[PDB]
Structure formats: C-alpha cells, structure tokens
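Student: Fold the following for me, if possible:
(one chain, ligands or ions: 2)
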Amino acid sequence: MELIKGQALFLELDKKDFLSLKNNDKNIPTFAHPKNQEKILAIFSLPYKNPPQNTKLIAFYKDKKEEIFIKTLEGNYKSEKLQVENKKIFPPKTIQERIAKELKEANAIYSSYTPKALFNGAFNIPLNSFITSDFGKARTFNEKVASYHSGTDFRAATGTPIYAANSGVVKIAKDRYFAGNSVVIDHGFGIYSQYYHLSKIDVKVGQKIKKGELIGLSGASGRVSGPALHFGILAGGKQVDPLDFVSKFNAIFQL
Ligand SMILES: CC(=O)N[C@@H](CCN(CC(=O)O)Cc1ccccc1)C(=O)N[C@H](C)C(=O)NO
Ligand SMILES: [Zn+2]
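Tutor: Numbers count the residues shown, from 1 in each chain. Ligands and ions are numbered 1, 2, ... in the order given. Sharing the structure here:
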C-alpha cells in the first residue's frame, strides 16, 4: 500500500481470531467495521515531518500473522524555500514555559484513548465557507521540511458561528499560545477535531456536544495573518489532512 505523508489510512482486517495489530512494539487499536461484520478497522497515519520511508504493520491472529506494508509518498504539497535556516529561536522564558506546559497538557489528552464511537455518522464542515490556506503547505531549508501548516484555514470574518464537525466530548476549551482561543473535541477512536483562533468559546471542558451544535465564534486570536478558522484533525496520533480524513471517514460511516 502507499500513503502520502500527513494523511490517515483506514486499514481493514478480518475480525475472526484477531489478537493484535502492531507497529514494532507499539499497539494500534481497532474498531468495528460498521457495514461488514466480518471486518475490523484501524487508523494508521504518517507524520508530515520526518516520516519513515516504509512501514510494516503486523496483524497477529490466533493461527497466523499478516504483514501490511505501507510506502510513504511525498505527495504534491505547496512548498517554499526558507532564506534563513530554522535554527533555535529564543523566546522569553515565560513563553517557553507556557508552550511546554500546554504541550504536556495536550499530549496527555491525546493519550487518553476512547474505545467507542462518540460521533454520529458523517463529519460536516464546521462552517459553510471556503479554504484560504490548505493543509501541508510547507517551508523548506535545504530541501528538508522546517515547518508546515498542520490544519486547514476557512475564510471567516470575526464573529462567524462555528459548529462542531461531529458529536463528541470537549477536551480543550481555553486560550493557548499557538492556537489562541481553542476547542478540541474527542470523537472516539483517537479522532480529535480542533477549532483554533476563536473570538468566543461557547463550550466547556467535559461537555457532550452534538454534530452541528455551536462551539464558538471565529476570530483572530493568536493569529498573525488576520481572522480565519483554523480546523485540524488528529487521528492515529498525528495531525493529518482534515478534508482528506473527512472524505475517508465519511466513505465508511456516512450511512
Ligand atoms: C509553531 C507555530 O508557530 N504555529 C503557528 C504558525 C505556522 N505553522 C506551524 C505549525 O505546524 O503549528 C507553520 C506553517 C504555516 C503555513 C505554511 C508553512 C508553515 C500557528 O499559528 N499555528 C496554527 C495551528 C495555524 O496554523 N493557524 O493558521
Ligand atoms: Zn491554520
């Protein structure tokens, strides 16, 4: 199989006698195929930055093992050359501390795996607008990726209502350094949606939210370039191309 860096893949496996799916010594969770009772599904994602060139997963059954080989593709992302090397930068200590704290917090949240669906059918876009800055635009130095856009931005004037892309539970609902005012929803199965730069947060941590329910108003908080909604999906432990992910997910779960 082949998969573009920065994307998720829904792997389909026989259910009967299945024991475990492994990537070296890391276990990858599974969940039911909603249509085919003889199958299960796993999400496998490649990171945008520094992905392996190749991956081998093994599905262990009671009677045998199944190898699955996935070749990393570079895809056709937009990229621009950096003029100055992305060397160590020197933020104020107060900012270093905040960043480190929020990273620890988020790493913890993304680690607390929910082994059931909290979604309700297909994902919907969070507002009926258009993309102004796509996922995966990159900046390179010496042809190596230095940084990339980890979500997709939708055009929005400040104060535009934003709606949950699917049902779930709110895990994050505060102001953060990279993200500004942000909401993160757990949808189950290690799938999280992210809504950044809000001017107003309308939910709280722990709240059950329905698909299409208001979560906030769009803004420019924490944004250098002007008001817009930054939308992200984390799945399989990695930030992945959100519209690509929704397309894949909806192909399986929309009915
Ligand atoms: C670390 C950092 O400074 N993040 C900034 C800016 C740009 N990101 C970096 C990234 O991966 O988080 C690179 C970048 C962006 C665009 C093109 C090339 C590189 C930020 O506001 N991110 C939010 C999520 C966003 O993206 N809003 O729109
Ligand atoms: Zn963005």
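Student: which residue packs closest to residue 82, ignoring adjacent ones?
Tutor: Counting by CB to CB, 6 or more residues apart in numbering, residue 82 lies nearest to residue 141, which is 4.4 Å off, once chain neighbours are set aside. C-beta coordinates here come from the backbone N, C-alpha and C atoms, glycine included.
Student: ok, that neighbour touching residue 87?
Tutor: No: taking contacts as CB atoms under 8 Å, residue 141 lies outside contact range of residue 87: 9.4 Å.
Student: what's the neighbour count on residue 84?
Tutor: Residues lying near residue 84 (other CB atoms under 10 Å) number 7.
Student: what's the closest non-adjacent residue to it?
Tutor: In space, residue 84 is closest to residue 141, 8.0 Å off (CB to CB, 6+ apart).
Student: what's the burial count for that neighbour?
Tutor: For residue 141, using other CB under 10 Å, the count is 15.
Student: For it, what are phi and psi?
Tutor: In terms of degrees, to the nearest 10, the main-chain angles of residue 141 are phi -130, psi 120.
Student: Next up, the contacts around it.
Tutor: 81-82, 84-86 (CB atoms under 8 Å, 6 or more residues apart in numbering).
Student: List, one by one, the residues from the stretch 1-150 of the chain near ligand 1.
Tutor: 137-139, 147-150 (CB under 6 Å from any ligand atom).
Student: In a markdown table, list those residues along with secondary structure.
Tutor: Output for those, formatted as a markdown table (DSSP: H, G, I helix; E, B strand; the rest coil):
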| residue | secondary structure |
| --- | --- |
| 137 | coil |
| 138 | strand |
| 139 | strand |
| 147 | strand |
| 148 | strand |
| 149 | coil |
| 150 | coil |
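Student: the strands in the stretch 1-150 of the chain, which residues?
Tutor: Under the criterion DSSP state E, counting those that start in this stretch, the stretch 1-150 of the chain contains strands at 2-4, 8-14, 18-23, 26-28, 31-32, 39-45, 54-61, 65-73, 79-81, 131-133, 138-141, 144-148.
Student: Columns distance to ligand 2 on top of these, output as JSON lines?
Tutor: Formatted as JSON lines, the strands of the stretch 1-150 of the chain follow (distance: least, CB to the ion, whole Å):
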{"stretch": "strand 2-4", "distance to ligand 2": "19"}
{"stretch": "strand 8-14", "distance to ligand 2": "18"}
{"stretch": "strand 18-23", "distance to ligand 2": "29"}
{"stretch": "strand 26-28", "distance to ligand 2": "28"}
{"stretch": "strand 31-32", "distance to ligand 2": "29"}
{"stretch": "strand 39-45", "distance to ligand 2": "18"}
{"stretch": "strand 54-61", "distance to ligand 2": "27"}
{"stretch": "strand 65-73", "distance to ligand 2": "23"}
{"stretch": "strand 79-81", "distance to ligand 2": "16"}
{"stretch": "strand 131-133", "distance to ligand 2": "6"}
{"stretch": "strand 138-141", "distance to ligand 2": "13"}
{"stretch": "strand 144-148", "distance to ligand 2": "10"}
